[PDB]
Amino acid sequence: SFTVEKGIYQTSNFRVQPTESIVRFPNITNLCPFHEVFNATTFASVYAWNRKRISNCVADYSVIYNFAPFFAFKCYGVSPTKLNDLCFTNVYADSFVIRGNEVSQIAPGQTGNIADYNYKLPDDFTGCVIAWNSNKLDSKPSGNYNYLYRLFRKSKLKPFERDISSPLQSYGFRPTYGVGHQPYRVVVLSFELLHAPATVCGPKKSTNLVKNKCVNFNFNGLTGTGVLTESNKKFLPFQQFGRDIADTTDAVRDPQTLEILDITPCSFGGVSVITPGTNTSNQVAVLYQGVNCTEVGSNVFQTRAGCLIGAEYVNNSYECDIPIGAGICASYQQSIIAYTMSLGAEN
Amino acid sequence: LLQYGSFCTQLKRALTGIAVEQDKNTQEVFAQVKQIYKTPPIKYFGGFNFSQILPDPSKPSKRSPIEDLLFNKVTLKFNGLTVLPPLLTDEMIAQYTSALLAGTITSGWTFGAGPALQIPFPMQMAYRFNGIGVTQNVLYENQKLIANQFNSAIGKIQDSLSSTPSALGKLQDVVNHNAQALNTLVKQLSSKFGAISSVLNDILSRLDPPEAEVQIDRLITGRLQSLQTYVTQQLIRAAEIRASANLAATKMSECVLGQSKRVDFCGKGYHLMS
Amino acid sequence: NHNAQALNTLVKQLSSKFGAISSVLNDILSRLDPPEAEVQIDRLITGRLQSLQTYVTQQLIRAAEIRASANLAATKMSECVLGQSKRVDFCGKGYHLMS
Amino acid sequence: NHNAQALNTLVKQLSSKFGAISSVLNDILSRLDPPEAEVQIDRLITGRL
Amino acid sequence: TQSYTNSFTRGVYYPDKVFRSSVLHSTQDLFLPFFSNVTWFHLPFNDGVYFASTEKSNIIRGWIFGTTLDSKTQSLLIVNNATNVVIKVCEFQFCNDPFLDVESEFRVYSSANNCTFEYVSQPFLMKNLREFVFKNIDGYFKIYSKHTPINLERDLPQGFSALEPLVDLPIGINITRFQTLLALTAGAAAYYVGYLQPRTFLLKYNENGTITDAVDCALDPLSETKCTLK
Ligand SMILES: *[C@@H]1O[C@H](CO)[C@@H](O[C@@H]2O[C@H](CO)[C@@H](O)[C@H](O)[C@H]2NC(C)=O)[C@H](O)[C@H]1NC(C)=O
Ligand SMILES: *[C@@H]1O[C@H](CO)[C@@H](O)[C@H](O)[C@H]1NC(C)=O
Ligand SMILES: *[C@@H]1O[C@H](CO)[C@@H](O)[C@H](O)[C@H]1NC(C)=O
Ligand SMILES: *[C@@H]1O[C@H](CO)[C@@H](O)[C@H](O)[C@H]1NC(C)=O
Ligand SMILES: *[C@@H]1O[C@H](CO)[C@@H](O)[C@H](O)[C@H]1NC(C)=O
Ligand SMILES: *[C@@H]1O[C@H](CO)[C@@H](O)[C@H](O)[C@H]1NC(C)=O
Ligand SMILES: *[C@@H]1O[C@H](CO)[C@@H](O)[C@H](O)[C@H]1NC(C)=O
Ligand SMILES: *[C@@H]1O[C@H](CO)[C@@H](O)[C@H](O)[C@H]1NC(C)=O
Numbered sequence: 001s002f003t004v005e006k007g008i009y010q011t012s013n014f015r016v017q018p019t020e021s022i023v024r025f026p027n028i029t030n031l032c033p034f035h036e037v038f039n040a041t042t043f044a045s046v047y048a049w050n051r052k053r054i055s056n057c058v059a060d061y062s063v064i065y066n067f068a069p070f071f072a073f074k075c076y077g078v079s080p081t082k083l084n085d086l087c088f089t090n091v092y093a094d095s096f097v098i099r100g101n102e103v104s105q106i107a108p109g110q111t112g113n114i115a116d117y118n119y120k121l122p123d124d125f126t127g128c129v130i131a132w133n134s135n136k137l138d139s140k141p142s143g144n145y146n147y148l149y150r151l152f153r154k155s156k157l158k159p160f161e162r163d164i165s166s167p168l169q170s171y172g173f174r175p176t177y178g179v180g181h182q183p184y185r186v187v188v189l190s191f192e193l194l195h196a197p198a199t200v201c202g203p204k205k206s207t208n209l210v211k212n213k214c215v216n217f218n219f220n221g222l223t224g225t226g227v228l229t230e231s232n233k234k235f236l237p238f239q240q241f242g243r244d245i246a247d248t249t250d251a252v253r254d255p256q257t258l259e260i261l262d263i264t265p266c267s268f269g270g271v272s273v274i275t276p277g278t279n280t281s282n283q284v285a286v287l288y289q290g291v292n293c294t295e296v297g298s299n300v301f302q303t304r305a306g307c308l309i310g311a312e313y314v315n316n317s318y319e320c321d322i323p324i325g326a327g328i329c330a331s332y333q334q335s336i337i338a339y340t341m342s343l344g345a346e347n
Numbered sequence: 348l349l350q351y352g353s354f355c356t357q358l359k360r361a362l363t364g365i366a367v368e369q370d371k372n373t374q375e376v377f378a379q380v381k382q383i384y385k386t387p388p389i390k391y392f393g394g395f396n397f398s399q400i401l402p403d404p405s406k407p408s409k410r411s412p413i414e415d416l417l418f419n420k421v422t423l424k425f426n427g428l429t430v431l432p433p434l435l436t437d438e439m440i441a442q443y444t445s446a447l448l449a450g451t452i453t454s455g456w457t458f459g460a461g462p463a464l465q466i467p468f469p470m471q472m473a474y475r476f477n478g479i480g481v482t483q484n485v486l487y488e489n490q491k492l493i494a495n496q497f498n499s500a501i502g503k504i505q506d507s508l509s510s511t512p513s514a515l516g517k518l519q520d521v522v523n524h525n526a527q528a529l530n531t532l533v534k535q536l537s538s539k540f541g542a543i544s545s546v547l548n549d550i551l552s553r554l555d556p557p558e559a560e561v562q563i564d565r566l567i568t569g570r571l572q573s574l575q576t577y578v579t580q581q582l583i584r585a586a587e588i589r590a591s592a593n594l595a596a597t598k599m600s601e602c603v604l605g606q607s608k609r610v611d612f613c614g615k616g617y618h619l620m621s
Numbered sequence: 622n623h624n625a626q627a628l629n630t631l632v633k634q635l636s637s638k639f640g641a642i643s644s645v646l647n648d649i650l651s652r653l654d655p656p657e658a659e660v661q662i663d664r665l666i667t668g669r670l671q672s673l674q675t676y677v678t679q680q681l682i683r684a685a686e687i688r689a690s691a692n693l694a695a696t697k698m699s700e701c702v703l704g705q706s707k708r709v710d711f712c713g714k715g716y717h718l719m720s
Numbered sequence: 721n722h723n724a725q726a727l728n729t730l731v732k733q734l735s736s737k738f739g740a741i742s743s744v745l746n747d748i749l750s751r752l753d754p755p756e757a758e759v760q761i762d763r764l765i766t767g768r769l
Numbered sequence: 770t771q772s773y774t775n776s777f778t779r780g781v782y783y784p785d786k787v788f789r790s791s792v793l794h795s796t797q798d799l800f801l802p803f804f805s806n807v808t809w810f811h812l813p814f815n816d817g818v819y820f821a822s823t824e825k826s827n828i829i830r831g832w833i834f835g836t837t838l839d840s841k842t843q844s845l846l847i848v849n850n851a852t853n854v855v856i857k858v859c860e861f862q863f864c865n866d867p868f869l870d871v872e873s874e875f876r877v878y879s880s881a882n883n884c885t886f887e888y889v890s891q892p893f894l895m896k897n898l899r900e901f902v903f904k905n906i907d908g909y910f911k912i913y914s915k916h917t918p919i920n921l922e923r924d925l926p927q928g929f930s931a932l933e934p935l936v937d938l939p940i941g942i943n944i945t946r947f948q949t950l951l952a953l954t955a956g957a958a959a960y961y962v963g964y965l966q967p968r969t970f971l972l973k974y975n976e977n978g979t980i981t982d983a984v985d986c987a988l989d990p991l992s993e994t995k996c997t998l999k
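Residue numbers (the numbering used here), protein chains in the order written: chain B, 1 to 347; chain S, 348 to 621; chain V, 622 to 720; chain U, 721 to 769; chain L, 770 to 999.
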């Protein structure tokens, strides 16, 4: 509306903006054994799939694109382009060779011979599926029969189950064989989240300590913003985080030096505007609810309800006109004044 | 969230109305008189104590001993949740109560219908006895006995209040209910609602913008439902609180500013004063 | 004022999309095939059902208070107009005579 | 009358589909795959809630 | 020689590595049920094993784990001595009755073979009572320990104590059975064995952040009421 009557209205809010950024990637740099995973010239059968554990190293994935123009490059729980910014607990790499037409059979909640008899993939999978052709490397002119796959089994396989017990059928790979039958090299990576402090993460670099100010922080993947302050909490020598009744982060230890640092949110609150009728005047006053006057008309008054800006505190008493807070009212006497409400006449 | 509509305006309007009504309840109940009366310096009223209920000047907060006991016995920055202070402080309410007590002691029921008219306390008690069907000579010939009985009855009240541990359950239920509702609302923020995670920052820092919408909308719907439930519960409770405040205001008008004849309205027996 | 505001909000809620391609049923029907229309229709249906439920709940809550006020007014009419009352401050300030 | 009507309506509401394949959990679970069963169950759960 | 006794309120550890204080937390994991049989010896692994001992002469040192106990399968052989600790997963050939000669390992196993894991650090060991909790979950081997003085008693002491995590071995192999390891001349030893079960607990943290009390939500109706009321 274009006209505002006498009263107090709550319009919007406010918040203190961040100053700078802080990163704490600890110190250690290594190289993951990704070279040995690929170009090994020896890939096992699907029925006996390789399983490797990768940890305590810095994972680099540009080499994955540098390797070959992969026929398949798919990620399910994570966006493929963002794998260079995540920190993981451990990585499980499964390498084997399967037919080109059966590449689509490697998916959660999928049915197939290899799906239920060779490699059962759970519904809650978190990882990527990558496959590329290997016709020029694993196709003998007379037929490479070293690859075998199970065909008959009484019961379906469990997630991440390997059996080593004629059900087995030998694969036949020839260069004359067309698309859909040439051997493809498939690598399946499994990811773990929300576990022991992640270690496979090193692509970026760190910063230093700042305190008593609203600054973004990223402590080994713990994103957020707030104020870092010294803490008097007796951490046992093995915790890392801290919580409270609300189940939120309130403390953390620096990876470099063992020190407990409290974390508090930056200042915020509501904003209210005190004005008389627009027919009378256009002067207004602003109240910051529940905020000390230091954080924020050239006249500043502090009340229990918050910091009042633009009103002068007189020490008289009148009947209440515009309620503000705990026994404080405002009126348009010409300027805006704040006083203490009077209960009545003495008798 | 902008695509959902204007639910937030409705929630804000409901909460603001609740707060204004909460202020109005106290304003209506306690601000009955327009003059601030005072008691005489000499506290002699024909043999009656009133010290257990009159304000105590020694202590800084100026409260009666019974008010002190009640104040001590009752007992008791989030994520977008704030608590506002009441318009009237405790000292102002104490001043209202003291003015009412002084008026009813020094004037009787006359100050509740016009100018306050003085009268000796035994004569007011004789009028009140006459108002229930007993003659004045019954009071005037048993002044000391009735004064002693009144003194003992007022003395036993503090012990009766202190000994019983659940005497103030009604005033504790309000605090307990508000705390439970706020705690449930805060704790609801850790639910997944069938999403990959309950943290928006993790989803934004792990997936592409084209895909994060499917996960974000579930969280939006769940939190909107939680807020709507909280607001509805608050309105339902506020209605009952308003009804109780209206009853309290009626009782203050009828039992304190006058003598009532309604049975079991201002206590059990034949009403005299309050 | 409250009735007008509630009705205006209810009629204004019809223009929301609720995460759909369009807020008009005819536009979706004339542009998309029936196998695909249901996915977009469901969101609109759910949003409008929620709006109606909210409106009905608010109306019930207001009606309860209106009924309480009407009961009070009926008692006042019976006690201050058809007779003389001795209840203090029930029928005005002072000693009641008539209404 | 009101109590009986409310209870009858609440019990009767269990047979609605709410935009799903069927109104029985067993037939949805057996006939469909888990990745789609976990999607079909949500509509019924939300409606009953 | 077997026997039986009462577990009392023993076998509570720290579920995770998150600091808390002056709060009540509800945890769901594998724990030792209160007031249950624990066997006294003078052995299947199941879902977990609780080990407690108070022997002083250090005849007890290390344990042996395995499924078939043969060189065809990997097997944990923890060795504790006066200076360090040896952790190996290599598929050793399991002798029928392993024991330390004191220090030839021939009687423990005949040959060493293919493997990839190795860990050497301060030994686990150090009127004294020792507790150990073993569990193999999600490709990890987790071990807890705690030391506390005890008066002369034939049974478990009355009171409460918390077990702090010691090591988290990323082994992830198949375990079905286990045996104890002794160093020796005839002799005798005393120790207790308990088994873990999936339970739900209500842990209490003090202002300094250490566990001081807990309640099992499946022992009796009073405990269920306590857990529901939190
Ligand atoms: C009103 O009652 C009070 C309480 O019994 C009386 O004050 C007591 O007086 C005696 C004698 O001086 C003291 O020993 C007590 O300590 C007092 N009580 C308190 C709580 O301080 C008072 O005397 C009575 N009123 C009159 C007018 O006598
Ligand atoms: C506001 O900050 C000043 C700065 O020291 C402090 O003296 C004052 O007590 C603070 N006010 C409140 C209400 O905390
Ligand atoms: C108002 O009251 C008296 C005036 O004599 C003084 O002591 C007090 O400081 C005044 N308050 C002000 C000036 O803010
Ligand atoms: C332990 O087991 C024995 C038999 O094996 C049984 O009689 C007894 O009740 C169980 N519990 C205790 C505390 O002895
Ligand atoms: C104790 O074990 C460590 C670890 O292998 C070994 O280095 C050390 O020599 C052993 N001590 C003795 C006395 O054999
Ligand atoms: C260990 O495993 C490898 C891998 O198959 C095998 O070549 C070797 O014979 C096995 N045994 C030993 C003692 O290395
Ligand atoms: C582990 O050992 C048990 C006992 O022999 C056996 O039944 C099982 O197949 C083995 N493997 C796994 C993965 O449990
Ligand atoms: C925690 O610290 C406080 C103060 O230093 C102390 O009183 C208390 O006993 C400590 N808690 C322990 C040692 O369990």
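For every residue, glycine included, the Cβ atom is placed at its ideal position computed from N, Cα and C.
Continuous alpha helix (DSSP H) stretch holding residue i: start and end
i      : result
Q442/S : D437 to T453
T429/S : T429/S -> no alpha helix (DSSP H), and no H or E assigned at all.
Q10/B  : Counting along the chain, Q10/B falls outside any alpha helix (DSSP H), though it belongs to the beta strand (DSSP E) covering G7 to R15.
Coil, strand or helix - residue i by DSSP
i      : result
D415/S : helix
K420/S : helix
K915/L : strand
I980/L : strand
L665/V : helix
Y487/S : helix
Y351/S : helix
Run of the beta strand (DSSP E) containing residue i, from where it starts to where it stops
i      : result
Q289/B : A285 to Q289
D403/S : That residue, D403/S, is in no beta strand (DSSP E); it is neither H nor E in DSSP.
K491/S : Here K491/S belongs to no beta strand (DSSP E); instead the alpha helix (DSSP H) covers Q490 to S510.
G226/B : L222 to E230
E887/L : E887 to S890
Distance between residue j and residue i (C-alpha atoms, nearest Å)
i      : j      : result
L869/L : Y783/L : 33 Å
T457/S : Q606/S : 11 Å
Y145/B : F863/L : 37 Å
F238/B : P197/B : 11 Å
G480/S : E414/S : 34 Å
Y391/S : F612/S : 30 Å
Residue burial classification, residue i (beta-carbon count within 10 angstroms, cutoff 16)
i      : result
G455/S : buried
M439/S : buried
- Where the beta carbon is closer than 6 Å to any heavy atom of ligand 2, which residues qualify, in chain order? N292/B and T294/B
- Closer than 5 Å from C-beta to any heavy atom of ligand 7: which residues, in chain order? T836/L, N943/L and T945/L
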